[PDB]
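Just the one chain here, laid out as structure tokens, in the form deposited in one PDB entry.
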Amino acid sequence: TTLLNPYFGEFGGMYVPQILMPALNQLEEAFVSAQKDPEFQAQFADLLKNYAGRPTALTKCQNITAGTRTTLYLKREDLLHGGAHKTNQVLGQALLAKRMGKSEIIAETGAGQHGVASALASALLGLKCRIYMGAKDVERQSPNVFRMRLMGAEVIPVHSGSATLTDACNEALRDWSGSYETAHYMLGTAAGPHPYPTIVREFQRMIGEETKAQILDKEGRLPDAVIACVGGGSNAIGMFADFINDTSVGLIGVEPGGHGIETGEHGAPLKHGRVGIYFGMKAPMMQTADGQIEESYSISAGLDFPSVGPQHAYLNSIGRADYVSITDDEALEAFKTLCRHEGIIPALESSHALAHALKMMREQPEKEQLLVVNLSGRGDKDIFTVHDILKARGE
């Protein structure tokens, strides 16, 4: 049995080899215990406040909306230690590892953002961190590899299979299957097998909780909609969770449209994929006709995955949340717009969320609407990508 429901409607589950089920059951029990433990909550609150810097600002952006009836706030997860919302939940999961008596963390990484978050939580809490990374990825990610190594993590090149993310994830889970007595697998989004979608949501829900309190203080009401980008689904579920029962509040998730949905080069499985079973979950995924998992694409590495967390699929299915897509070109324009008009350099991931809010405004400029964008991270990492694109097309 489980203590909690592993499913969101038809989506989710625990589709792992039998050997991993005790590890998932152990983690579920420790999470359920922790959530009832005031000392755990106080330790987590302490790290979020005094180490990560919560609460994060809620910024009202006036220049962008001038001359329209849109009021736009940005929830500043870009200001969290580490430069993105990822820090929130890795701190929680590190505390869970310690609760289970573990001193070691396993993670895998492709572009390296979750690897850096895992390494920083591990460094602070004195945990021995090993991050599996496909050999092809190590070669292409020197900056992130260096950050992880500076923070004392062991970055382990994986050369088997295609020597990329899949192969690193396999090796990490193979490791975990043997070492789960002493090591915790630190999954980097609200996806994978139960209990991870549940844990990651609960360890990100302060995004939406703070946003609600801040918007009640500033505007004396709830937002008309909250808007978040969707890679695996963690920042969006963290923003949405505290508003799910506030039926008047729109929940808008923005998937990457890449070069355009019609090109097939995108990462929008929730609206343009097909339910499948992979990575421990039944969830929308981008699939070949014969059930191979397709390669996704986005200008933004953080969004570039062919699946999504199961709670998003469920919220979509019942009509509680709506999901849209934004192309590379739309995200780039939003990125330039925020830099010029607000002095904030946004992550290209977050730029997808801002692009959709800008469209809601520009399409209907006399519509009264109070919007919050989850600004999931800062975009220092993206300036070379942006420069290279702008230079290539001559602008």
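One rule holds for the numbers: they count along the sequence shown, beginning at 1. C-alpha atoms forming the largest set that superposes within 1.5 Å between two forms make up the rigid core.
This next part talks about the form deposited in another entry, which is not shown.
- Of the residues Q214, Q287, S317, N170, just one CA atom moves 2 angstroms or more between the shown form and the other one under rigid-core superposition; it belongs to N170.
- The Cα shift for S160 between the shown form and the other one, taken after rigid core superposition, is 2 angstroms or larger.
- When two forms of a protein are overlaid on their rigid core, residues whose CA moves 2 Å or more are considered shifted, and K136 is one of them between the shown form and the other one.
- Core-aligned CA deviation for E77 between the shown form and the other one: less than 2 Å.
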